[PDB]
>>> print(open('start_31.cif').read())   # mmCIF, C-alpha atoms
data_coords
#
loop_
_atom_site.label_atom_id
_atom_site.label_comp_id
_atom_site.auth_asym_id
_atom_site.auth_seq_id
_atom_site.Cartn_x
_atom_site.Cartn_y
_atom_site.Cartn_z
CA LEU A 1 41.81 206.45 62.19
CA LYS A 2 41.56 210.24 62.34
CA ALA A 3 40.37 210.47 58.73
CA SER A 4 37.65 207.82 59.14
CA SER A 5 36.53 209.34 62.46
CA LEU A 6 36.20 212.82 60.97
CA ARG A 7 34.46 211.26 57.98
CA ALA A 8 32.05 209.29 60.18
CA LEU A 9 31.31 212.38 62.28
CA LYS A 10 30.26 214.33 59.17
CA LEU A 11 27.89 211.42 58.37
CA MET A 12 26.23 211.33 61.80
CA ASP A 13 22.49 211.57 62.40
CA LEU A 14 22.91 212.61 66.03
CA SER A 15 20.25 211.89 68.64
CA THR A 16 20.08 212.54 72.40
CA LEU A 17 21.89 210.25 74.82
CA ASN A 18 19.15 208.64 76.97
CA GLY A 19 16.23 209.33 74.63
CA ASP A 20 15.65 212.71 76.31
CA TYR A 21 12.68 214.56 74.75
CA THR A 22 12.58 217.96 76.45
CA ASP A 23 12.94 221.22 74.54
CA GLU A 24 16.18 222.04 76.40
CA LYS A 25 17.78 218.67 75.58
CA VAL A 26 16.78 219.13 71.96
CA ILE A 27 18.30 222.61 72.02
CA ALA A 28 21.43 221.12 73.60
CA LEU A 29 21.46 218.41 70.92
CA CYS A 30 21.52 221.14 68.28
CA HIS A 31 24.55 222.66 70.03
CA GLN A 32 26.18 219.23 70.24
CA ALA A 33 25.83 218.72 66.46
CA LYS A 34 28.10 221.74 65.84
CA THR A 35 31.24 219.95 66.96
CA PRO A 36 34.70 221.50 67.39
CA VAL A 37 35.86 219.76 64.20
CA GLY A 38 32.73 220.12 62.06
CA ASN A 39 28.98 219.54 61.86
CA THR A 40 27.21 216.24 61.97
CA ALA A 41 25.10 215.44 58.93
CA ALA A 42 21.84 215.74 60.83
CA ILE A 43 20.06 215.48 64.14
CA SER A 44 17.39 212.85 64.85
CA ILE A 45 14.46 214.06 66.97
CA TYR A 46 10.74 213.44 67.35
CA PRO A 47 8.45 215.50 65.12
CA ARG A 48 7.16 217.88 67.81
CA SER A 49 10.75 219.08 68.42
CA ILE A 50 11.34 220.07 64.78
CA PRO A 51 10.22 223.73 65.00
CA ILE A 52 12.33 224.53 68.06
CA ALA A 53 15.28 222.56 66.69
CA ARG A 54 15.04 224.43 63.36
CA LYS A 55 15.04 227.75 65.16
CA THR A 56 18.05 226.67 67.24
CA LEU A 57 20.15 225.46 64.29
CA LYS A 58 19.50 228.63 62.27
CA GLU A 59 20.41 230.85 65.19
CA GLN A 60 23.72 229.08 65.64
CA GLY A 61 24.36 229.62 61.92
CA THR A 62 24.20 225.93 60.89
CA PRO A 63 21.26 225.55 58.46
CA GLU A 64 23.02 222.61 56.76
CA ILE A 65 22.63 220.28 59.72
CA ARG A 66 19.60 218.37 58.51
CA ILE A 67 16.63 217.67 60.75
CA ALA A 68 15.65 214.01 60.65
CA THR A 69 12.67 212.52 62.44
CA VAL A 70 10.79 209.23 62.68
CA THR A 71 7.30 207.98 61.89
CA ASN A 72 5.45 204.66 62.42
CA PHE A 73 7.99 204.47 65.19
CA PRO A 74 9.22 202.41 66.80
CA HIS A 75 6.49 199.78 66.40
CA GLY A 76 6.43 199.40 62.61
CA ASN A 77 2.69 198.66 62.67
CA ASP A 78 0.93 197.78 59.42
CA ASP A 79 -1.64 200.62 59.35
CA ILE A 80 -0.73 202.71 56.29
CA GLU A 81 -3.16 205.53 57.06
CA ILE A 82 -1.49 206.09 60.43
CA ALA A 83 2.05 205.94 59.04
CA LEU A 84 1.05 208.33 56.26
CA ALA A 85 -0.62 210.81 58.64
CA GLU A 86 2.46 210.87 60.89
CA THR A 87 4.73 211.35 57.87
CA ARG A 88 2.61 214.22 56.55
CA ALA A 89 2.76 215.81 60.00
CA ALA A 90 6.56 215.36 60.12
CA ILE A 91 6.81 217.11 56.74
CA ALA A 92 4.51 219.91 57.94
CA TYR A 93 6.54 220.41 61.14
CA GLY A 94 9.53 221.04 58.82
CA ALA A 95 11.45 217.75 58.66
CA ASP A 96 14.28 217.47 56.11
CA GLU A 97 14.18 213.69 56.36
CA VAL A 98 11.68 211.17 57.67
CA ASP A 99 12.71 207.72 58.96
CA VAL A 100 9.63 205.43 58.70
CA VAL A 101 9.53 201.99 60.27
CA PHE A 102 8.83 199.23 57.75
CA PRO A 103 6.03 196.88 58.86
CA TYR A 104 8.51 194.09 59.45
CA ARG A 105 6.20 191.95 61.56
CA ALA A 106 3.70 191.83 58.67
CA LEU A 107 6.52 190.86 56.32
CA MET A 108 7.56 188.11 58.73
CA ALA A 109 3.98 186.81 58.57
CA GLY A 110 4.17 186.79 54.75
CA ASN A 111 2.55 190.18 53.96
CA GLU A 112 5.11 191.87 51.73
CA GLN A 113 2.49 193.98 50.02
CA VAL A 114 1.63 196.20 52.99
CA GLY A 115 5.30 197.15 53.38
CA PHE A 116 5.47 198.04 49.70
CA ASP A 117 2.27 200.08 49.95
CA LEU A 118 3.19 201.83 53.20
CA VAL A 119 6.65 202.85 51.97
CA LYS A 120 5.28 203.94 48.59
CA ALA A 121 2.61 206.09 50.25
CA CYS A 122 5.10 207.76 52.58
CA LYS A 123 7.67 208.18 49.80
CA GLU A 124 5.16 210.00 47.61
CA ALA A 125 4.34 212.40 50.44
CA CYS A 126 8.02 213.06 51.18
CA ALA A 127 9.11 213.38 47.55
CA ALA A 128 6.42 215.97 46.80
CA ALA A 129 7.79 218.05 49.68
CA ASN A 130 11.48 217.50 48.80
CA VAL A 131 11.92 215.40 51.97
CA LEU A 132 14.15 212.31 52.00
CA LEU A 133 12.58 209.04 53.18
CA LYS A 134 14.68 206.56 55.13
CA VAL A 135 13.07 203.15 55.73
CA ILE A 136 13.91 201.32 58.95
CA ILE A 137 13.58 197.60 58.24
CA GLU A 138 14.60 196.56 61.82
CA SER A 139 17.16 194.00 60.69
CA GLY A 140 17.64 192.91 64.31
CA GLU A 141 14.07 191.61 64.47
CA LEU A 142 14.05 190.16 60.94
CA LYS A 143 17.23 188.26 61.94
CA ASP A 144 17.17 185.97 58.88
CA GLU A 145 19.45 187.08 56.03
CA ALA A 146 16.79 186.38 53.38
CA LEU A 147 14.25 188.49 55.31
CA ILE A 148 16.76 191.35 55.59
CA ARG A 149 17.32 191.17 51.83
CA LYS A 150 13.59 191.01 51.26
CA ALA A 151 12.74 194.03 53.40
CA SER A 152 15.55 195.96 51.70
CA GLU A 153 14.36 195.04 48.20
CA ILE A 154 10.72 195.90 48.94
CA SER A 155 11.65 199.25 50.48
CA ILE A 156 13.86 200.13 47.50
CA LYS A 157 11.20 199.10 44.96
CA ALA A 158 8.65 201.19 46.88
CA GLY A 159 10.92 204.23 46.68
CA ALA A 160 13.10 204.35 49.82
CA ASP A 161 15.84 206.96 49.56
CA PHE A 162 17.77 205.20 52.38
CA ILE A 163 17.42 201.85 54.02
CA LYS A 164 18.18 201.98 57.73
CA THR A 165 19.08 199.01 59.93
CA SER A 166 17.24 199.75 63.15
CA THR A 167 15.14 201.93 65.42
CA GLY A 168 17.73 201.70 68.18
CA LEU A 169 14.98 200.59 70.56
CA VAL A 170 15.09 196.81 70.17
CA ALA A 171 17.51 194.26 71.58
CA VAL A 172 19.57 193.90 68.37
CA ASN A 173 20.32 196.90 66.17
CA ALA A 174 22.89 197.09 63.38
CA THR A 175 25.60 194.42 63.01
CA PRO A 176 28.43 194.29 60.46
CA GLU A 177 26.64 191.35 58.82
CA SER A 178 23.27 193.04 58.41
CA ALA A 179 25.00 196.20 57.15
CA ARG A 180 26.81 194.18 54.50
CA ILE A 181 23.59 192.37 53.52
CA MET A 182 21.71 195.64 53.12
CA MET A 183 24.47 197.35 51.17
CA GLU A 184 24.72 194.24 48.94
CA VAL A 185 21.04 194.68 48.10
CA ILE A 186 21.68 198.29 47.00
CA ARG A 187 24.50 197.08 44.75
CA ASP A 188 22.70 194.00 43.42
CA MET A 189 19.67 196.09 42.43
CA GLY A 190 21.88 198.76 40.84
CA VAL A 191 20.48 201.65 42.90
CA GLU A 192 23.65 203.01 44.50
CA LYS A 193 22.95 206.45 43.05
CA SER A 194 19.42 206.72 44.48
CA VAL A 195 19.53 204.65 47.69
CA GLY A 196 21.67 205.32 50.75
CA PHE A 197 22.46 203.21 53.76
CA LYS A 198 22.18 204.09 57.46
CA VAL A 199 23.65 202.06 60.34
CA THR A 200 21.80 202.63 63.61
CA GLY A 201 23.61 201.29 66.63
CA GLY A 202 26.28 198.70 66.10
CA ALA A 203 29.07 201.31 65.97
CA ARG A 204 30.06 202.13 69.56
CA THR A 205 33.69 203.13 68.97
CA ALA A 206 35.73 205.01 66.41
CA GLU A 207 37.18 201.62 65.44
CA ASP A 208 33.62 200.33 64.87
CA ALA A 209 32.82 203.36 62.71
CA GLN A 210 35.91 202.74 60.60
CA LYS A 211 34.89 199.13 59.92
CA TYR A 212 31.32 200.00 58.96
CA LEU A 213 32.52 202.60 56.43
CA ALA A 214 35.09 200.20 54.97
CA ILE A 215 32.20 197.89 53.91
CA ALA A 216 30.72 200.72 51.84
CA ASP A 217 34.17 201.55 50.46
CA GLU A 218 34.61 197.91 49.37
CA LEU A 219 31.21 197.57 47.71
CA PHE A 220 31.05 200.99 46.04
CA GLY A 221 33.67 203.62 45.32
CA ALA A 222 35.63 205.00 48.22
CA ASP A 223 33.79 208.16 47.14
CA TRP A 224 30.27 206.72 47.40
CA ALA A 225 29.53 207.18 51.11
CA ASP A 226 28.77 210.89 51.20
CA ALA A 227 25.90 212.34 53.25
CA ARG A 228 23.32 211.36 50.61
CA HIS A 229 24.35 207.71 50.73
CA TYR A 230 25.66 206.95 54.24
CA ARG A 231 24.65 207.83 57.81
CA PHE A 232 25.52 206.73 61.31
CA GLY A 233 22.50 206.91 63.58
CA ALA A 234 24.26 207.28 66.87
CA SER A 235 24.57 209.14 70.14
CA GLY A 236 27.50 207.99 72.28
CA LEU A 237 29.50 207.27 69.12
CA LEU A 238 30.10 211.03 68.73
CA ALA A 239 32.12 211.17 71.94
CA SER A 240 34.27 208.26 70.79
CA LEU A 241 34.93 209.92 67.42
CA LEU A 242 35.80 213.28 68.97
CA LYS A 243 38.25 211.65 71.38
CA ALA A 244 39.93 209.87 68.48
CA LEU A 245 40.30 213.34 66.93
CA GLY A 246 41.94 214.78 70.05
CA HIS A 247 38.79 216.41 71.44
#
>>> encode(input="start_31.cif", output="C-alpha coordinates")
Amino acid sequence: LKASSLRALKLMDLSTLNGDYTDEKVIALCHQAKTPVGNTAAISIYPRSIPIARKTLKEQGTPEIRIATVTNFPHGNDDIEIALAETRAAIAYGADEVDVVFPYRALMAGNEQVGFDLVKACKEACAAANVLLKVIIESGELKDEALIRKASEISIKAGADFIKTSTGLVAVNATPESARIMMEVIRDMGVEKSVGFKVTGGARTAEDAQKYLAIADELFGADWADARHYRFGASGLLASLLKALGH
(Lines of atoms letter the chains of each structure in order from A and count residues from 1; the text may use other names and numbers.)
(Lines give C-alpha, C1' and ligand atoms only; values in the text may rest on other atoms or scores of the structure.)
Protein backbone atom coordinates (compact mmCIF):
# COMPACT_ATOMS: atom_id res chain seq x y z
CA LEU A 1 0.00 0.00 0.00
CA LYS A 2 3.01 2.31 0.04
CA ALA A 3 3.67 1.79 -3.67
CA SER A 4 0.05 2.49 -4.71
CA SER A 5 -0.13 5.53 -2.40
CA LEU A 6 3.05 7.04 -3.83
CA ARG A 7 1.77 6.20 -7.29
CA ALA A 8 -1.63 7.80 -6.62
CA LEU A 9 0.03 10.90 -5.16
CA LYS A 10 2.04 11.43 -8.35
CA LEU A 11 -1.28 11.23 -10.27
CA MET A 12 -3.10 13.81 -8.14
CA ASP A 13 -4.82 16.91 -9.49
CA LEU A 14 -4.76 18.70 -6.14
CA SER A 15 -7.34 21.32 -5.22
CA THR A 16 -7.94 23.37 -2.06
CA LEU A 17 -9.69 21.82 0.93
CA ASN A 18 -12.93 23.83 1.39
CA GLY A 19 -13.06 25.35 -2.10
CA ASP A 20 -10.97 28.31 -0.91
CA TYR A 21 -10.37 30.83 -3.74
CA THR A 22 -8.05 33.47 -2.29
CA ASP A 23 -4.61 34.19 -3.73
CA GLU A 24 -2.92 33.06 -0.49
CA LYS A 25 -4.77 29.71 -0.41
CA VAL A 26 -3.84 29.18 -4.05
CA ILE A 27 -0.23 30.00 -3.20
CA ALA A 28 -0.46 27.57 -0.27
CA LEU A 29 -1.95 24.96 -2.59
CA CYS A 30 1.10 25.30 -4.82
CA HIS A 31 3.30 24.66 -1.77
CA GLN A 32 1.13 21.69 -0.80
CA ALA A 33 1.59 20.09 -4.25
CA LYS A 34 5.37 19.82 -3.61
CA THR A 35 5.02 17.04 -1.08
CA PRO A 36 7.82 15.54 1.04
CA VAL A 37 7.80 12.42 -1.15
CA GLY A 38 7.23 14.00 -4.57
CA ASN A 39 5.05 16.33 -6.63
CA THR A 40 1.42 15.86 -7.45
CA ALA A 41 0.62 15.68 -11.15
CA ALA A 42 -1.19 19.01 -11.14
CA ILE A 43 -3.16 21.54 -9.18
CA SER A 44 -6.82 22.35 -9.94
CA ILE A 45 -7.78 26.02 -9.57
CA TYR A 46 -10.14 28.53 -11.11
CA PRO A 47 -8.86 30.39 -14.18
CA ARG A 48 -8.22 33.75 -12.49
CA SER A 49 -5.71 32.06 -10.14
CA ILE A 50 -3.58 30.65 -12.97
CA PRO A 51 -1.10 33.56 -13.32
CA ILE A 52 -0.30 33.73 -9.61
CA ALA A 53 -0.19 29.94 -9.33
CA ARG A 54 2.20 29.75 -12.31
CA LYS A 55 4.48 32.31 -10.72
CA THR A 56 4.40 30.40 -7.42
CA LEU A 57 5.20 26.99 -8.92
CA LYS A 58 8.11 28.34 -10.97
CA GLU A 59 9.58 30.11 -7.97
CA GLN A 60 9.52 26.93 -5.93
CA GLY A 61 11.31 25.21 -8.82
CA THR A 62 8.44 22.88 -9.82
CA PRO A 63 7.42 23.79 -13.41
CA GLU A 64 6.27 20.20 -14.01
CA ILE A 65 3.29 20.45 -11.67
CA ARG A 66 0.62 21.10 -14.26
CA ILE A 67 -1.98 23.81 -13.82
CA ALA A 68 -5.48 22.49 -14.43
CA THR A 69 -8.63 24.59 -14.40
CA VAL A 70 -12.33 24.25 -15.16
CA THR A 71 -14.79 25.78 -17.61
CA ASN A 72 -18.59 25.53 -18.12
CA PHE A 73 -18.34 24.74 -14.44
CA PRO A 74 -19.94 23.39 -12.45
CA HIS A 75 -23.31 23.77 -14.19
CA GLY A 76 -22.59 22.03 -17.50
CA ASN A 77 -24.98 24.37 -19.34
CA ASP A 78 -25.63 23.81 -23.03
CA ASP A 79 -24.43 27.20 -24.37
CA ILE A 80 -21.40 26.39 -26.54
CA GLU A 81 -20.38 30.01 -27.07
CA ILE A 82 -20.08 30.53 -23.31
CA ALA A 83 -18.16 27.29 -22.73
CA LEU A 84 -15.85 28.16 -25.62
CA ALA A 85 -15.21 31.71 -24.38
CA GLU A 86 -14.36 30.45 -20.89
CA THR A 87 -12.04 27.80 -22.35
CA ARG A 88 -10.25 30.36 -24.53
CA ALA A 89 -9.83 32.56 -21.46
CA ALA A 90 -8.46 29.60 -19.46
CA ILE A 91 -5.93 28.96 -22.23
CA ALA A 92 -5.00 32.67 -22.33
CA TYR A 93 -4.53 32.80 -18.54
CA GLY A 94 -1.95 30.00 -19.03
CA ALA A 95 -3.75 26.75 -18.24
CA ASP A 96 -1.95 23.47 -19.01
CA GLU A 97 -5.24 21.58 -18.88
CA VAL A 98 -8.89 22.58 -19.03
CA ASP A 99 -11.66 20.49 -17.42
CA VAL A 100 -14.94 21.36 -19.21
CA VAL A 101 -18.31 20.21 -17.94
CA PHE A 102 -20.25 18.16 -20.49
CA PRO A 103 -23.83 19.38 -20.96
CA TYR A 104 -25.18 16.30 -19.22
CA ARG A 105 -28.65 17.68 -18.58
CA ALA A 106 -29.11 18.24 -22.34
CA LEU A 107 -27.94 14.67 -22.96
CA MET A 108 -30.43 13.43 -20.38
CA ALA A 109 -33.15 15.25 -22.32
CA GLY A 110 -32.00 13.50 -25.53
CA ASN A 111 -29.70 16.20 -27.01
CA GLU A 112 -26.46 14.33 -27.62
CA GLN A 113 -25.44 16.67 -30.41
CA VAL A 114 -24.82 19.75 -28.25
CA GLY A 115 -22.42 17.77 -26.06
CA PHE A 116 -20.55 16.59 -29.15
CA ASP A 117 -20.41 20.13 -30.53
CA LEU A 118 -19.43 21.78 -27.24
CA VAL A 119 -16.61 19.31 -26.55
CA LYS A 120 -15.39 19.49 -30.15
CA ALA A 121 -15.31 23.29 -30.05
CA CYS A 122 -13.40 23.36 -26.76
CA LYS A 123 -11.06 20.57 -27.87
CA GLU A 124 -10.09 22.47 -31.01
CA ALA A 125 -9.26 25.55 -28.96
CA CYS A 126 -7.19 23.55 -26.46
CA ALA A 127 -5.40 21.42 -29.05
CA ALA A 128 -4.27 24.47 -31.03
CA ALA A 129 -2.70 25.81 -27.83
CA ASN A 130 -1.19 22.47 -26.74
CA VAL A 131 -3.63 22.32 -23.80
CA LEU A 132 -5.18 19.03 -22.68
CA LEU A 133 -8.99 18.88 -22.47
CA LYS A 134 -10.63 16.82 -19.75
CA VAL A 135 -14.40 16.37 -20.07
CA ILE A 136 -16.46 16.11 -16.88
CA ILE A 137 -19.53 14.03 -17.69
CA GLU A 138 -20.92 14.21 -14.09
CA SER A 139 -21.56 10.49 -13.80
CA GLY A 140 -23.26 11.05 -10.44
CA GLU A 141 -26.06 13.00 -12.12
CA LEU A 142 -26.29 10.75 -15.19
CA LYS A 143 -26.68 7.82 -12.74
CA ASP A 144 -27.77 5.34 -15.43
CA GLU A 145 -24.97 3.10 -16.74
CA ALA A 146 -26.06 3.54 -20.36
CA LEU A 147 -26.02 7.34 -19.96
CA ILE A 148 -22.53 7.20 -18.43
CA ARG A 149 -21.36 5.12 -21.41
CA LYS A 150 -23.08 7.51 -23.77
CA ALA A 151 -21.55 10.67 -22.32
CA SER A 152 -18.14 8.97 -22.36
CA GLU A 153 -18.49 7.87 -26.00
CA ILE A 154 -19.68 11.29 -27.18
CA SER A 155 -16.87 13.08 -25.35
CA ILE A 156 -14.26 10.71 -26.81
CA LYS A 157 -15.66 11.03 -30.35
CA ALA A 158 -15.64 14.82 -29.96
CA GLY A 159 -11.97 14.75 -28.97
CA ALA A 160 -11.73 14.54 -25.16
CA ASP A 161 -8.18 13.86 -23.97
CA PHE A 162 -9.55 12.68 -20.58
CA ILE A 163 -12.99 11.79 -19.37
CA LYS A 164 -13.56 12.87 -15.78
CA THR A 165 -16.24 11.51 -13.45
CA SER A 166 -17.39 14.59 -11.59
CA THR A 167 -17.18 18.26 -10.67
CA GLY A 168 -16.93 17.40 -6.98
CA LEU A 169 -19.83 19.79 -6.32
CA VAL A 170 -22.83 17.48 -6.63
CA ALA A 171 -24.23 14.92 -4.22
CA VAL A 172 -22.67 11.89 -5.95
CA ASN A 173 -19.19 12.06 -7.45
CA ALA A 174 -17.04 9.13 -8.56
CA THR A 175 -17.90 5.55 -7.55
CA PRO A 176 -15.97 2.35 -8.33
CA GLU A 177 -18.81 1.37 -10.67
CA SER A 178 -18.86 4.57 -12.71
CA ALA A 179 -15.05 4.51 -12.89
CA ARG A 180 -15.15 0.98 -14.29
CA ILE A 181 -17.90 1.93 -16.78
CA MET A 182 -15.93 4.91 -18.04
CA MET A 183 -12.65 3.02 -18.33
CA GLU A 184 -14.51 0.22 -20.15
CA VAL A 185 -15.64 2.78 -22.72
CA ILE A 186 -12.00 3.82 -23.32
CA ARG A 187 -11.07 0.17 -23.86
CA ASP A 188 -14.11 -0.75 -25.94
CA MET A 189 -13.50 2.18 -28.31
CA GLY A 190 -9.78 1.36 -28.54
CA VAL A 191 -8.60 4.82 -27.44
CA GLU A 192 -6.42 3.93 -24.46
CA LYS A 193 -3.46 5.70 -26.03
CA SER A 194 -5.29 9.01 -26.57
CA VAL A 195 -7.87 9.14 -23.75
CA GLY A 196 -7.16 9.23 -20.03
CA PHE A 197 -9.41 8.77 -17.04
CA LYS A 198 -9.84 10.99 -13.98
CA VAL A 199 -11.66 10.02 -10.77
CA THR A 200 -12.98 13.04 -8.87
CA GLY A 201 -14.09 12.26 -5.36
CA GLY A 202 -14.86 8.68 -4.50
CA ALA A 203 -11.34 8.03 -3.19
CA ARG A 204 -11.20 9.26 0.42
CA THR A 205 -8.50 6.92 1.75
CA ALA A 206 -5.24 5.39 0.58
CA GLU A 207 -7.13 2.09 0.43
CA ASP A 208 -9.72 3.73 -1.85
CA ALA A 209 -6.95 5.06 -4.10
CA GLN A 210 -5.43 1.60 -4.38
CA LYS A 211 -8.74 0.09 -5.50
CA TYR A 212 -9.41 2.75 -8.12
CA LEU A 213 -5.97 2.24 -9.68
CA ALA A 214 -6.36 -1.54 -9.68
CA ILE A 215 -9.35 -1.15 -12.06
CA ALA A 216 -7.09 0.60 -14.57
CA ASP A 217 -4.40 -2.03 -14.02
CA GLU A 218 -6.93 -4.79 -14.77
CA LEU A 219 -8.34 -3.20 -17.92
CA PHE A 220 -5.08 -1.91 -19.42
CA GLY A 221 -1.45 -2.68 -18.70
CA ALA A 222 -0.19 -2.14 -15.19
CA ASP A 223 1.90 0.47 -17.03
CA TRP A 224 -1.03 2.35 -18.58
CA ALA A 225 -2.03 4.69 -15.75
CA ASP A 226 0.70 7.30 -16.02
CA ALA A 227 -0.01 11.04 -15.68
CA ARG A 228 -1.29 11.27 -19.27
CA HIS A 229 -3.91 8.58 -18.68
CA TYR A 230 -4.92 8.68 -14.99
CA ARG A 231 -5.65 11.39 -12.41
CA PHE A 232 -7.15 11.62 -8.95
CA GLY A 233 -9.05 14.86 -8.51
CA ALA A 234 -8.84 15.16 -4.78
CA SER A 235 -8.05 17.31 -1.78
CA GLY A 236 -8.25 15.45 1.54
CA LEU A 237 -7.02 12.28 -0.20
CA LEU A 238 -3.49 13.74 -0.20
CA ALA A 239 -3.32 13.69 3.59
CA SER A 240 -4.43 10.06 3.66
CA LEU A 241 -1.79 9.08 1.09
CA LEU A 242 1.00 10.92 2.89
CA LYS A 243 0.11 9.27 6.20
CA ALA A 244 0.22 5.86 4.52
CA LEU A 245 3.73 6.84 3.39
CA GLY A 246 4.83 7.73 6.93
CA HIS A 247 4.33 11.50 6.56
>>> closest_atom_pairs(input="start_31.cif", of="segment 30-135 of chain A", to="segment 229-242 of chain A", cutoff="10 Å", atoms="all atoms listed in the file", output="CSV")
residue,atom,partner,partner_atom,distance
A:32,CA,A:238,CA,9.2
A:33,CA,A:238,CA,9.1
A:35,CA,A:242,CA,8.3
A:36,CA,A:242,CA,8.4
A:37,CA,A:242,CA,8.0
A:40,CA,A:238,CA,9.0
A:41,CA,A:231,CA,7.7
A:42,CA,A:231,CA,8.9
A:43,CA,A:233,CA,8.9
A:44,CA,A:233,CA,7.9
>>> resolve_selection(input="start_31.cif", expression="the PyMOL selection byres ((chain A and resi 53) around 9)", output="CSV table (one decimal) with C-alpha atoms, keeping the file's coordinate frame")
chain,number,residue,atom,x,y,z
A,23,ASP,CA,12.9,221.2,74.5
A,26,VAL,CA,16.8,219.1,72.0
A,27,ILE,CA,18.3,222.6,72.0
A,29,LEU,CA,21.5,218.4,70.9
A,30,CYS,CA,21.5,221.1,68.3
A,43,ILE,CA,20.1,215.5,64.1
A,45,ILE,CA,14.5,214.1,67.0
A,49,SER,CA,10.8,219.1,68.4
A,50,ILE,CA,11.3,220.1,64.8
A,51,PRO,CA,10.2,223.7,65.0
A,52,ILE,CA,12.3,224.5,68.1
A,54,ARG,CA,15.0,224.4,63.4
A,55,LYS,CA,15.0,227.8,65.2
A,56,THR,CA,18.0,226.7,67.2
A,57,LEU,CA,20.2,225.5,64.3
A,58,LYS,CA,19.5,228.6,62.3
A,67,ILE,CA,16.6,217.7,60.8
>>> atom_distance(input="start_31.cif", atom1="atom CA of residue 123 of chain A", atom2="atom CA of residue 105 of chain A")
20.1 Å
>>> resolve_selection(input="start_31.cif", expression="the PyMOL selection byres ((chain A and resi 107-120) around 12)", output="ChimeraX atom specification")
/A:71-72,76-87,98-106,121-127,133-139,141-144,146-163
>>> resolve_selection(input="start_31.cif", expression="the PyMOL selection byres ((chain A and resi 193) around 10)", output="mmCIF file with C-alpha atoms, in the coordinates of the input")
data_model
loop_
_atom_site.group_PDB
_atom_site.id
_atom_site.type_symbol
_atom_site.label_atom_id
_atom_site.label_comp_id
_atom_site.auth_asym_id
_atom_site.auth_seq_id
_atom_site.Cartn_x
_atom_site.Cartn_y
_atom_site.Cartn_z
ATOM 1 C CA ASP A 161 15.840 206.960 49.560
ATOM 2 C CA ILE A 186 21.680 198.290 47.000
ATOM 3 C CA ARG A 187 24.500 197.080 44.750
ATOM 4 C CA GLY A 190 21.880 198.760 40.840
ATOM 5 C CA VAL A 191 20.480 201.650 42.900
ATOM 6 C CA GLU A 192 23.650 203.010 44.500
ATOM 7 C CA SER A 194 19.420 206.720 44.480
ATOM 8 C CA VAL A 195 19.530 204.650 47.690
ATOM 9 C CA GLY A 196 21.670 205.320 50.750
ATOM 10 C CA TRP A 224 30.270 206.720 47.400
ATOM 11 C CA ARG A 228 23.320 211.360 50.610
ATOM 12 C CA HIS A 229 24.350 207.710 50.730
#
>>> atom_distance(input="start_31.cif", atom1="atom CA of residue 21 of chain A", atom2="atom CA of residue 46 of chain A")
7.7 Å
>>> atom_distance(input="start_31.cif", atom1="atom CA of residue 244 of chain A", atom2="atom CA of residue 65 of chain A")
22.0 Å
>>> closest_residue(input="start_31.cif", among="A:39, A:227, A:47, A:168", to="residue 202 of chain A", atoms="only C-alpha atoms")
A:168
